[PDB]
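Trainee: Okay, handing you the structure first.
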Amino acid sequence: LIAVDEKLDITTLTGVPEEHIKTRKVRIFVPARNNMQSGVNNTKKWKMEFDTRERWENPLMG
Amino acid sequence: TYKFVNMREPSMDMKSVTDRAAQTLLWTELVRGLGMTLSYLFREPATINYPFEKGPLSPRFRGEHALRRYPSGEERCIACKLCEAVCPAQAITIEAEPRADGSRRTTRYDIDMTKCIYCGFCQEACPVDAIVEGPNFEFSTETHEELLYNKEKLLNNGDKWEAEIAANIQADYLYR
Amino acid sequence: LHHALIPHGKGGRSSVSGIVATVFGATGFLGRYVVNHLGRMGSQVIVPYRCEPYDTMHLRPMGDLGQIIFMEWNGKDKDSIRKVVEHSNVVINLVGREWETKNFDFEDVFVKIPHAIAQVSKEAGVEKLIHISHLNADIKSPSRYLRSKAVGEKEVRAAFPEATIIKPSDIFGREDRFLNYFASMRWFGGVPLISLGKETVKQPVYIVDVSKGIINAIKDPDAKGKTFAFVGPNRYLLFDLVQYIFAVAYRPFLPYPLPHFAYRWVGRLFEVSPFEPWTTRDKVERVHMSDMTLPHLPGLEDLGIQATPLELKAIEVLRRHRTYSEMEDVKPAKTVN
Amino acid sequence: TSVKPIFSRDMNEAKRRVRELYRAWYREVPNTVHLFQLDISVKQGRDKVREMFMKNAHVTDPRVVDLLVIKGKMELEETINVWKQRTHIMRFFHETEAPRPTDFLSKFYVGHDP
Amino acid sequence: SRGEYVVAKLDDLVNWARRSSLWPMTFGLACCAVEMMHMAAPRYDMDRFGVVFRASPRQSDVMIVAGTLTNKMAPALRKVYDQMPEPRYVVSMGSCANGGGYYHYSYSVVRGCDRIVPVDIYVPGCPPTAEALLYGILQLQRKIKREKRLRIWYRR
Amino acid sequence: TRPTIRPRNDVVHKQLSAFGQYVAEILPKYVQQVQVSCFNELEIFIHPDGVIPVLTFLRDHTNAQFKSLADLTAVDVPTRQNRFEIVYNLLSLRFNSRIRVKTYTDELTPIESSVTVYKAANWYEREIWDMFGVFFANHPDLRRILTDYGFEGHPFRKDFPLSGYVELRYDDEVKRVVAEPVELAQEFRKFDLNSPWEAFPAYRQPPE
Amino acid sequence: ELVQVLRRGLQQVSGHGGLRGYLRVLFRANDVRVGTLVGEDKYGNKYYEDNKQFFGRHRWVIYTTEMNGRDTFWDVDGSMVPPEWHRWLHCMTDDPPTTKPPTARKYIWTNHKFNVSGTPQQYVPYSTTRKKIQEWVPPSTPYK
Amino acid sequence: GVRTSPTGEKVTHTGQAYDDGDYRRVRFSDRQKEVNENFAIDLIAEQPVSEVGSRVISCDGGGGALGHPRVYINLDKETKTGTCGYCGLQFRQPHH
Ligand SMILES: CCCCCCCCCCCCCCCCCC(=O)OC[C@H](COP(=O)([O-])OCC[N+](C)(C)C)OC(=O)CCCCCCCCCCCCCCCCC
Ligand SMILES: CCCCCCCCCCCCCCCCC[C@@H](O)O[C@H](CO[C@H](O)CCCCCCCCCCCCCCC)COP(=O)(O)OCC[N+](C)(C)C
Ligand SMILES: CCCCCCCC/C=C/CCCCCCCC(=O)OC[C@H](COP(=O)(O)OCCN)OC(=O)CCCCCCC/C=C/CCCCCCCC
Ligand SMILES: NC(=O)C1=CN([C@@H]2O[C@H](COP(=O)(O)OP(=O)(O)OC[C@H]3O[C@@H](n4cnc5c(N)ncnc54)[C@H](OP(=O)(O)O)[C@@H]3O)[C@@H](O)[C@H]2O)C=CC1
Ligand SMILES: *P(=O)(O)OCC(C)(C)[C@H](O)C(=O)NCCC(=O)NCCSC(=O)CCCCCCCCCCCCC
Ligand code: SF4
Ligand code: SF4
Ligand code: SF4
Ligand SMILES: [Zn+2]
């Protein structure tokens with residue numbers, strides 16, 4: 001049982017590219033209740049999602 | 001219950017020993033195999049003369065996709081996107097807007113036939129029986145692009161195969 | 001720019017580069033590499049072809065779905081030329097031939113066809129025209145090949161003022177006829193050289209470097225109507241270059257001097273082949289002709305491309321010709337530079 | 001605070017294992033070049049091994065170092081036994097990827113990516 | 001022209017042999033390979049068309065990519081395609097070979113064997129019927145019938 | 001009778017509960033929890049360091065002859081501190097029964113390999129390592145089994161993208177297959193399908 | 001007996017209309033069996049039935065020598081049949097189109113088309129939706 | 001109602017036609033553009049208007065289970081005709 005005070009960094013082990021590791025801002029939020037419905041069962045767990053990037057149109061089939 | 005398949009000790013009497021020795025020296029089982037193969041040679045082959053003869057099919061067969069119309073000529077699809085919701089492979093792309101007369105009709109309806117798995121879920125989920133799997137199965141193409149059907153291609157397929165598709169649906173609509 | 005010509009994506013296979021390029025003579029060495037680079041960057045490539053469609057199969061994986069379009073064209077048909085350049089904002093001309101056939105000559109393939117392509121492109125609203133020429137292009141050159149290339153360069157410049165004339169010296173690569181031609185002369189006994197090749201200096205350039213320069217010329221706005229000269233970083237004597245080629249190929253190297261008239265007669269002998277000839281008189285003249293030095297014209301360093309020395313990329317081409325692969329070190333050839 | 005070790009009780013053993021792995025990789029580069037008929041030189045392979053070792057130089061947790069050296073030993077085992085092809089060895093060398101600029105002006109010109 | 005007539009007749013003769021005699025190398029990777037066995041079964045009998053049941057890569061002229069092509073498998077497919085001697089044709093059978101099929105968005109699947117090898121014929125289905133594959137083979141045969149190698153060469 | 005509702009086997013439920021109490025009493029040092037689901041499945045939650053003793057007991061005990069290792073897998077739950085959940089499914093032919101053993105483990109914590117107890121554990125643990133990153137201490141040969149050679153990342157983790165990071169294609173310039181960053185012609189369409197109304201009141205959690 | 005088989009072969013020779021017809025059906029269809037004619041479509045295909053054969057060979061089609069604008073004397077496809085005869089030939093029903101005509105619609109194709117891949121009539125995909133965002137057109141009048 | 005665009009290209013029923021400066025028209029060179037000649041809107045306009053003597057009328061598209069879900073249309077507002085929106089069929093109550 002060794003002792004260490006590190007901050008549990010698994011960046012080098014996840015395998016994600018450094019670009020997507022260092023240039024990504026995620027949003028930790030509880031999703032808002034959909035106003036079209038009165039149910040509140042989708043607003044109970046926290047969600048982590050990444051920032052939106054570019055989305056263009058395919059030259060073929062659009 | 002159970003049974004044994006290879007637990008049977010052969011008899012060691014002189015008659016059986018001589019029979020087994022004759023089987024070893026005189027290739028009895030090999031001659032038997034030759035006789036069976038000769039019988040199969042003299043039997044009639046089971047080959048059909050394609051393409052002049054076609055293998056049997058069923059009204060439930062799933063092949064090339066098609067979009068149908070009403071007897072009045074109006075297309076059956078109402079742009080409900082249950083296609084896109086239920087498609088396992090996400091091979092259907094639908095975009096809709098109100099028509100000039102105010103109808104709820106599609107403006108884009110694309111099926112990627114190279115992504116579709118021909119599972120038949122789209123025609124089960126249609127509330128109006130618009131999208132169907134036609135009986136055609138000989139629509140091979142020489143390029144990848146030609147398998148990216150759009151609304152015009154699907155409507156042309158429906159118009160082309162409407163008679164056979166209607167007959168199949170009439171024959172097999174009571175089981176659904 | 002058109003709304004559909006605005007670049008998008010991260011410059012990958014599925015992205016839009018905004019470049020619609022009609023590439024003439026794409027079923028060749030440099031055309032193949034250029035089409036590959038355009039497909040990598042995500043452009044819309046139009047490939048006019050005259051040969052069998054089976055010979056265009058290798059160009060299909062280079063582009064995404066619908067990016068590569070194959071259209072049948074005729075060299076002596078301005079109607080087909082217009083049909084294939086009608087919707088492109090870039091036109092690349094790489095049509096060429098080391099020899100002459102019974103229907104096409106050097107003038108036909110280097111003066112007539114390029115002039116028609118340039119003329120139709122100007123009338124079709126094509127924004128950019130890249131035309132490939134030769135570094136040793138001179139009106140009074142000994143070879144009809146270079147004479148016709150110079151005449152065609154002048155005619156194309158006259159027809160399309162805003163043109164980019166690219167003049168590679170001599171391109172070496174996997175499918176080249178420079179290193180493959182030099183390494184395959186072992187069949188004719190010893191290797192024949194004019195004056196043993198000690199008076200000819202060559203500066204070869206990499207196929208990848210040439211293709212990258214062509215791609216950069218399209219994107220760079222300062223090369224609208226210019227003339228470039230793509231040359232390698234080092235200049236080698238012909239004898240030393242052939243010796244290095246044979247050392248890398250691990251083949252027995254025995255050079256012998258051959259008189260100029262005898263070598264021309266030998267080249268004439270090979271021209272009688274109805275198929276592709278091993279060598280021609282014009283090819284012998286070009287091989288034994290020196291490489292012109294044009295410091296005035298800009299080059300790969302001006303376009304942002306660092307030329308690759310022949311020592312690094314020689315092993316790729318010549319590994320095929322090894323017979324035993326032979327896993328022995330080869331000393332670099334000394335350069336005149 | 002207190003966790004069980006994997007292979008190294010402290011950083012010294014992890015550094016020793018890193019040095020052993022570096023020696024093993026260094027002694028295998030010419031053999032890898034010869035077997036796979038790579039067009040690169042031995043110096044390029046040594047430099048690439050050095051670069052791969054130097055991109056994890058900021059790791060300070062011994063367990064992460066142990067996992068990294070385990071993965072490196074696995075990759076060396078795949079290379080020695082010629083389980084991989086020339087394809088993967090050249091995949092280590094990003095060769096067909098266009099050089100992405102790292103300056104603000106060029107990033108602004110090309111697109112919306114940060 | 002007599003030369004034009006002779007080259008046309010020789011092209012017809014050469015294309016007839018290649019069309020009639022096909023020796024395909026079956027790259028059976030997944031469930032699409034079973035339908036190839038059923039095409040070789042007595043009912044359809046691919047042999048009667050001059051299409052041999054199986055052949056080695058050296059003696060093969062057609063490669064039938066039938067199955068899901070993965071990242072761990074693509075180099076082997078490219079290697080065997082390179083080892084095949086020209087003229088060579090490719091028939092991509094099934095959704096997995098054509099595009100991605102059910103596994104289009106997977107991390108370990110090549111989205112179409114056309115990203116690796118030039119495909120001549122695409123056969124749609126999951127799995128394509130044995131009749132569908134036979135129709136694709138006959139379409140490839142009729143495509144070979146339209147080759148004009150000697151006509152192109154004579155007009156060079 | 002109720003045709004549309006699955007029958008229940010109280011006898012088997014009681015037998016499984018009794019055996020769970022039995023094993024919990026026998027092994028108090030490692031067994032943390034015992035559960036019996038309503039479809040008659042026994043689950044034993046144990047400490048990660050008691051894997052070898054618990055499996056050896058459940059393999060060699062006279063009343064617990066679970067000679068067959070049915071399956072071995074892991075479940076990734078990011079919200080937990082110990083995200084990885086190693087599950088062992090054991091089959092007893094002598095008593096015609098099945099048992100399930102559960103263990104928790106994070107990224108950096110090794111587990112003792114069960115190749116000594118069960119031989120299928122070799123390939124099962126190789127697959128678990130390849131797909132999640134969980135390390136097994138005493139494995140005869142631990143390496144990637146399913147993923148491509150040189151593959152970076154563990155696909156089955158919940159934080160790994162579905163389409164991955166790289167894709168393969170043939171590049172004519174280098175005359176070989178190359179790996180390039182992934183770029184989809186059509187993006188995968190994420191569908192929000194969860195209804196905003198609670199469906200099962202029996203599983204309702206405290207409001208916190 | 002062998003004599004009976006030889007007589008049946010000679011009858012098959014005579015059943016196709018002499019020697020030229022027998023050779024034509026032998027070389028362009030690879031089968032010389034004779035069966036009762038069921039009907040003919042508008043393109044020239046002739047559909048025959050012979051229930052004495054085993055299942056899968058009891059119905060067949062002899063294709064026309066010319067369909068649409070393509071010479072199909074040798075190059076015959078399985079997609080050259082109209083949909084109703086296609087259903088009958090593939091045995092999804094026991095009723096020929098002559099006995100059970102398909103329902104007539106004003107939108108159903110009157111002329112059938114085979115697979116047009118590799119031909120100028122091949123299908124080419126395109127986007128069927130309009131442009132999403134309209135750009136701002138600058139004024140045509142100079143400000144100064 | 002197949003109409004030809006200024007560039008000589010047929011316009012589909014969705015109002016689709018590539019512009020003059022659009023490079024994407026090159027894909028139709030030496031080939032053809034797939035357009036369905038029958039327009040459903042034109043056909044349904046050609047269809048007549050059924051008149052029934054009731055305030056509420058039920059439409060299932062014809063054929064029973066082979067049509068669309070049955071809907072009920074209120075024929076009260078005499079300004080317009082009640083349109084079944086699945087099949088786009090017009091029903092009206094007699095006035096004169
Ligand atoms: C017992 C017998 C044993 C031998 C049996 C086999 C021999 C008999 C049958 C041979 C048939 C011909 C086959 C040739 C090969 C064709 C396919 C081929 O390889 O194509 C590739 C090439 C195509 O040429 P290419 O140059 O276009 O190739 C495309 C480019 N690459 C190489 C990248 C693919 O074919 C040839 O080059 C063949 C040309 C020569 C053959 C003769 C053609 C002309 C014949 C008429 C001449 C004029 C007659 C009138 C005047 C007479 C005056 C005297
Ligand atoms: C050991 C080496 C052998 C050398 C042999 C040399 C001799 C030449 C070989 C001649 C073989 C016979 C000729 C080819 C037989 C053609 C058979 C004919 O039926 O094919 C037709 C094809 O005809 C084509 O138009 C090409 C005709 C074949 C080539 C004939 C060339 C002229 C004769 C040879 C001349 C050689 C050049 C002479 C120059 C002076 C139609 O068949 P097909 O295509 O399957 O479509 C039907 C498909 N079905 C069966 C399913 C219905
Ligand atoms: C030309 C006419 C064609 C008509 C026949 C149609 C074709 C029939 C061919 C079918 C054969 C199939 C291929 C056979 C390949 C394998 C053959 C084979 O296995 O034979 C081996 C066989 C047994 O081997 P194993 O059992 O595997 O060894 C274990 C020993 N305890 O050994 C043999 O040598 C076979 C015997 C051959 C010789 C037989 C001689 C019989 C004894 C002769 C007695 C007469 C002596 C003469 C003196 C007379 C004194 C008056
Ligand atoms: N390669 C070199 O060493 C160097 C080349 N250059 C120049 O670069 C250009 C490209 O050279 P490269 O690719 O190596 O040569 P290739 O001979 O390999 O390619 C020539 C291309 O032009 C086409 N072509 C030839 N003749 C005609 C014709 N009559 N009508 C239509 N198309 C025709 C060929 O197509 P098809 O398949 O139909 O024959 C082929 O695609 C040429 O202009 C050459 O002079 C300059 C310096 C060095
Ligand atoms: P001294 O101890 O100061 O040494 C300096 C360093 C910085 C290394 C220290 O040891 C140090 O403190 N390092 C930080 C912790 C550490 O040791 N990190 C290293 C991680 S091990 C590692 O990453 C090895 C895996 C790399 C495998 C490379 C694969 C080879 C690729 C070859 C491709 C082409 C070959 C033909
Ligand atoms: S058959 Fe299945 S996979 Fe194909 S489009 Fe329909 S729902 Fe999608
Ligand atoms: S399920 Fe039917 S109505 Fe709905 S989108 Fe599909 S074809 Fe149209
Ligand atoms: S296309 Fe369908 S049947 Fe063929 S390999 Fe893929 S999943 Fe299997
Ligand atoms: Zn209705």
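Letters for chains follow the order of the structure tokens (A, B, ...), residue numbers begin at 1 for each chain, and ligand numbers begin at 1 in the order shown.
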Give me the chain C side of the contact with chain B, cut-off 12 Å, one line per residue showing its nearest atom pair and distance in Å at one decimal, counting only C-alpha atoms, sorted by chain and residue number, as a tab-separated table.

Mentor:
```
residue	atom	partner	partner_atom	distance
C:57	CA	B:143	CA	11.5
C:60	CA	B:143	CA	10.1
C:61	CA	B:144	CA	11.3
C:64	CA	B:144	CA	10.2
C:65	CA	B:145	CA	6.6
C:66	CA	B:145	CA	6.7
C:67	CA	B:145	CA	10.4
C:68	CA	B:145	CA	11.0
C:69	CA	B:145	CA	11.0
C:70	CA	B:143	CA	11.6
```

Trainee: Could you dump the residues just selected with N, CA, C and O atoms as a CSV table (one decimal), in the first residue's frame?

Mentor:
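For reference, result.csv as written:
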```csv
chain,number,residue,atom,x,y,z
C,57,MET,N,-9.3,2.7,-63.2
C,57,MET,CA,-9.8,2.1,-62.0
C,57,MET,C,-9.0,2.6,-60.8
C,57,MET,O,-9.5,2.8,-59.7
C,60,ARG,N,-10.1,5.8,-58.6
C,60,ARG,CA,-11.4,5.8,-57.9
C,60,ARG,C,-11.2,5.9,-56.4
C,60,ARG,O,-11.9,6.7,-55.8
C,61,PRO,N,-10.4,5.1,-55.8
C,61,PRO,CA,-10.2,5.2,-54.3
C,61,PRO,C,-9.6,6.5,-53.9
C,61,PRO,O,-9.7,6.8,-52.7
C,64,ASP,N,-13.6,10.7,-52.6
C,64,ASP,CA,-14.8,10.3,-51.9
C,64,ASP,C,-15.9,10.0,-52.8
C,64,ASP,O,-15.7,10.0,-54.0
C,65,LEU,N,-17.1,9.8,-52.3
C,65,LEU,CA,-18.3,9.5,-53.1
C,65,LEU,C,-18.7,10.7,-54.0
C,65,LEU,O,-19.0,11.8,-53.4
C,66,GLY,N,-18.6,10.6,-55.3
C,66,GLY,CA,-19.0,11.6,-56.2
C,66,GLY,C,-18.0,12.7,-56.5
C,66,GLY,O,-18.2,13.6,-57.2
C,67,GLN,N,-16.8,12.6,-55.8
C,67,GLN,CA,-15.8,13.6,-56.0
C,67,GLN,C,-15.0,13.4,-57.3
C,67,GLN,O,-14.7,14.4,-58.0
C,68,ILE,N,-14.8,12.2,-57.7
C,68,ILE,CA,-14.1,11.9,-59.0
C,68,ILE,C,-15.2,11.6,-60.0
C,68,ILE,O,-16.0,10.7,-59.8
C,69,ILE,N,-15.1,12.3,-61.1
C,69,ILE,CA,-16.1,12.1,-62.2
C,69,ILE,C,-15.2,11.8,-63.5
C,69,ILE,O,-14.3,12.5,-63.8
C,70,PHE,N,-15.6,10.7,-64.1
C,70,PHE,CA,-14.8,10.2,-65.3
C,70,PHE,C,-15.7,10.5,-66.6
C,70,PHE,O,-16.8,10.1,-66.6
```

Trainee: Sorted by chain and rising residue number, which residues of chain G lie within 9 Å of chain E, and what are their closest atom pairs and distances in Å to one decimal, counting only C-alpha atoms, as CSV?

Mentor:
```
residue,atom,partner,partner_atom,distance
G:75,CA,E:142,CA,7.3
G:77,CA,E:135,CA,7.9
G:78,CA,E:135,CA,7.4
G:118,CA,E:143,CA,8.1
```

Trainee: Grab the residues selected above and save them as a PDB file, in the first residue's frame with C-alpha atoms.

Mentor:
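Below is the file that was written, selection.pdb:
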```
ATOM      1  CA  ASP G  75     -27.320 -10.334 -73.835  1.00  0.00           C
ATOM      2  CA  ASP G  77     -31.007 -10.084 -68.268  1.00  0.00           C
ATOM      3  CA  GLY G  78     -33.308 -11.166 -65.477  1.00  0.00           C
ATOM      4  CA  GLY G 118     -23.219   1.587 -66.983  1.00  0.00           C
TER       5      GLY G 118
END
```

Trainee: Using only C-alpha atoms and all ligand atoms, which protein or nucleic acid residues are at most 7 Å from ligand 2, as a PDB file with N, CA and C atoms, in the first residue's frame?

Mentor:
```pdb
ATOM      1  N   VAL E   6     -10.158  -6.158 -88.122  1.00  0.00           N
ATOM      2  CA  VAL E   6      -9.363  -7.205 -87.491  1.00  0.00           C
ATOM      3  C   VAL E   6      -9.202  -6.936 -86.000  1.00  0.00           C
ATOM      4  N   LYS E   9     -12.510  -7.736 -84.284  1.00  0.00           N
ATOM      5  CA  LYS E   9     -12.748  -9.170 -84.149  1.00  0.00           C
ATOM      6  C   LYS E   9     -11.837  -9.790 -83.096  1.00  0.00           C
ATOM      7  N   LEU E  10     -10.575  -9.360 -83.041  1.00  0.00           N
ATOM      8  CA  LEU E  10      -9.672  -9.870 -82.014  1.00  0.00           C
ATOM      9  C   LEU E  10     -10.117  -9.438 -80.623  1.00  0.00           C
ATOM     10  N   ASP E  12     -13.242  -8.886 -79.764  1.00  0.00           N
ATOM     11  CA  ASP E  12     -14.396  -9.729 -79.466  1.00  0.00           C
ATOM     12  C   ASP E  12     -13.962 -11.124 -79.034  1.00  0.00           C
ATOM     13  N   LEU E  13     -12.943 -11.677 -79.692  1.00  0.00           N
ATOM     14  CA  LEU E  13     -12.463 -13.009 -79.336  1.00  0.00           C
ATOM     15  C   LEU E  13     -11.844 -13.022 -77.944  1.00  0.00           C
ATOM     16  N   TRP E  16     -14.391 -12.548 -75.217  1.00  0.00           N
ATOM     17  CA  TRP E  16     -15.226 -13.732 -75.050  1.00  0.00           C
ATOM     18  C   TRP E  16     -14.589 -14.729 -74.092  1.00  0.00           C
ATOM     19  N   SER E  20     -16.204 -15.742 -70.530  1.00  0.00           N
ATOM     20  CA  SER E  20     -16.706 -17.096 -70.333  1.00  0.00           C
ATOM     21  C   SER E  20     -15.975 -17.822 -69.211  1.00  0.00           C
TER      22      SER E  20
ATOM     23  N   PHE G  27     -28.678 -22.378 -78.486  1.00  0.00           N
ATOM     24  CA  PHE G  27     -27.508 -21.519 -78.361  1.00  0.00           C
ATOM     25  C   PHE G  27     -27.755 -20.268 -77.531  1.00  0.00           C
ATOM     26  N   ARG G  28     -28.969 -19.720 -77.546  1.00  0.00           N
ATOM     27  CA  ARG G  28     -29.261 -18.505 -76.799  1.00  0.00           C
ATOM     28  C   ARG G  28     -30.056 -18.760 -75.526  1.00  0.00           C
ATOM     29  N   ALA G  29     -30.385 -20.015 -75.220  1.00  0.00           N
ATOM     30  CA  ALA G  29     -31.071 -20.348 -73.981  1.00  0.00           C
ATOM     31  C   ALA G  29     -30.488 -21.552 -73.256  1.00  0.00           C
ATOM     32  N   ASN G  30     -29.604 -22.322 -73.892  1.00  0.00           N
ATOM     33  CA  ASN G  30     -28.920 -23.462 -73.283  1.00  0.00           C
ATOM     34  C   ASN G  30     -29.886 -24.526 -72.773  1.00  0.00           C
ATOM     35  N   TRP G  74     -28.291 -12.013 -77.648  1.00  0.00           N
ATOM     36  CA  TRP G  74     -27.380 -12.762 -76.792  1.00  0.00           C
ATOM     37  C   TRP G  74     -27.367 -12.255 -75.358  1.00  0.00           C
ATOM     38  N   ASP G  75     -27.410 -10.938 -75.164  1.00  0.00           N
ATOM     39  CA  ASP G  75     -27.320 -10.334 -73.835  1.00  0.00           C
ATOM     40  C   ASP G  75     -28.722 -10.235 -73.251  1.00  0.00           C
ATOM     41  N   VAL G  76     -29.102 -11.242 -72.471  1.00  0.00           N
ATOM     42  CA  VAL G  76     -30.406 -11.294 -71.822  1.00  0.00           C
ATOM     43  C   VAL G  76     -30.210 -11.149 -70.320  1.00  0.00           C
TER      44      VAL G  76
END
```

Trainee: Ligand 6: which residues are within 9 Å, counting only C-alpha atoms and all ligand atoms, as a PyMOL selection string?

Mentor: (chain B and resi 62-63+65+83-92+111-113+115-125+131-133) or (chain E and resi 101-102)

Trainee: CA of residue 5 in chain H to CA of residue 130 in chain G: how many Å, to one decimal?

Mentor: 13.9 Å

Trainee: Within 7 Å of ligand 8, counting only C-alpha atoms and all ligand atoms, which protein or nucleic acid residues do you find, written as JSON, numbers by chain?

Mentor: {"B": [117], "E": [30, 31, 32, 66, 67, 68, 94, 95, 96, 97, 101, 102, 125, 126, 127]}

Trainee: Please check which protein, DNA or RNA residues sit within 8 Å of ligand 4, counting only C-alpha atoms and all ligand atoms, and write them as a count of residues only.

Mentor: 44

Trainee: Within 10 Å of residue 296 in chain C, counting only C-alpha atoms, which residues qualify if same-chain residues fewer than 4 places away don't, as an mmCIF file with N, CA, C and O atoms, in the first residue's frame?

Mentor:
```cif
data_model
loop_
_atom_site.group_PDB
_atom_site.id
_atom_site.type_symbol
_atom_site.label_atom_id
_atom_site.label_comp_id
_atom_site.auth_asym_id
_atom_site.auth_seq_id
_atom_site.Cartn_x
_atom_site.Cartn_y
_atom_site.Cartn_z
ATOM 1 N N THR C 227 5.487 31.735 -64.145
ATOM 2 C CA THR C 227 6.212 30.603 -64.707
ATOM 3 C C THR C 227 7.227 30.134 -63.678
ATOM 4 O O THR C 227 8.128 30.889 -63.302
ATOM 5 N N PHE C 228 7.076 28.896 -63.225
ATOM 6 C CA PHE C 228 7.927 28.318 -62.198
ATOM 7 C C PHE C 228 8.929 27.342 -62.801
ATOM 8 O O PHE C 228 8.809 26.916 -63.952
ATOM 9 N N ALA C 229 9.933 26.995 -61.998
ATOM 10 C CA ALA C 229 10.957 26.028 -62.379
ATOM 11 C C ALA C 229 11.226 25.128 -61.182
ATOM 12 O O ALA C 229 11.881 25.547 -60.222
#
```

Trainee: Please provide the set of residues having any atom within 9 Å of residue 139 in chain F, restricted to only C-alpha atoms, with same-chain residues fewer than 3 positions apart removed, written as a list in words.

Mentor: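 Neighbouring residues, sequence-local ones excluded: residues 112, 113, 114, 115, 122, 125, 126, 136 and 142 of chain F.
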
Trainee: Grab the residues selected above and save them as a tab-separated table (two decimals), in the first residue's frame with C-alpha atoms.

Mentor:
```
chain	number	residue	atom	x	y	z
F	112	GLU	CA	-5.47	-10.96	-9.50
F	113	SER	CA	-5.83	-13.09	-12.62
F	114	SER	CA	-8.13	-16.10	-12.31
F	115	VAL	CA	-6.24	-18.23	-14.85
F	122	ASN	CA	-7.02	-16.27	-19.89
F	125	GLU	CA	-9.21	-11.25	-19.09
F	126	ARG	CA	-7.25	-10.51	-22.27
F	136	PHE	CA	-4.69	-8.36	-14.38
F	142	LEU	CA	-1.78	-10.21	-21.45
```

Trainee: Mind checking which residues fall within 12 Å of residue 96 in chain B, counting only C-alpha atoms, ignoring those fewer than 2 positions away in the same chain, and posting them as a ChimeraX atom specification?

Mentor: /B:77-81,93-94,98-99,102-110,151 /G:128-130 /H:14

Trainee: Considering only C-alpha atoms, return as a PyMOL selection string whatever protein or nucleic-acid residues lie within 9 Å of range 29-45 of chain H, sequence-local ones (same chain, fewer than 5 positions apart) excluded.

Mentor: (chain B and resi 69+72-75+99-101+151-153+155-156) or (chain C and resi 71-72+83-84) or (chain G and resi 107+119-126) or (chain H and resi 1-2+9-13+87-89)

Trainee: Within 10 Å of residue 67 in chain D, counting only C-alpha atoms, which residues qualify if same-chain residues fewer than 2 places away don't, as an mmCIF file with C-alpha atoms, in the first residue's frame?

Mentor:
```cif
data_model
loop_
_atom_site.group_PDB
_atom_site.id
_atom_site.type_symbol
_atom_site.label_atom_id
_atom_site.label_comp_id
_atom_site.auth_asym_id
_atom_site.auth_seq_id
_atom_site.Cartn_x
_atom_site.Cartn_y
_atom_site.Cartn_z
ATOM 1 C CA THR A 12 -1.727 9.580 -21.145
ATOM 2 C CA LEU A 13 -3.754 6.357 -20.767
ATOM 3 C CA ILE D 6 1.287 -2.184 -9.716
ATOM 4 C CA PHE D 7 5.011 -2.809 -10.229
ATOM 5 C CA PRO D 62 4.151 5.681 -10.495
ATOM 6 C CA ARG D 63 1.067 3.632 -11.427
ATOM 7 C CA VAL D 64 0.562 5.604 -14.646
ATOM 8 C CA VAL D 65 4.239 5.073 -15.487
ATOM 9 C CA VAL D 69 5.726 0.840 -19.698
ATOM 10 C CA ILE D 70 3.425 -2.203 -19.804
ATOM 11 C CA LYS D 71 1.778 -0.831 -22.951
ATOM 12 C CA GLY D 72 5.197 -0.049 -24.419
ATOM 13 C CA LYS D 73 6.368 -3.600 -23.750
ATOM 14 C CA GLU F 107 -8.352 2.351 -13.866
ATOM 15 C CA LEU F 108 -5.097 2.054 -11.901
ATOM 16 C CA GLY F 133 -7.966 -1.075 -19.720
ATOM 17 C CA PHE F 135 -5.054 -4.829 -15.730
#
```

Trainee: Please identify which residues in chain B DSSP calls alpha helix (DSSP H) from the backbone, and express them as JSON, numbers by chain.

Mentor: {"B": [14, 15, 16, 17, 18, 19, 20, 21, 22, 23, 24, 25, 28, 29, 30, 31, 32, 33, 34, 35, 36, 37, 38, 39, 40, 41, 42, 82, 83, 84, 85, 86, 121, 122, 123, 124, 151, 152, 153, 154, 155, 156, 157, 158, 159, 160, 162, 163, 164, 165, 166, 167, 168, 169, 170, 171, 172]}
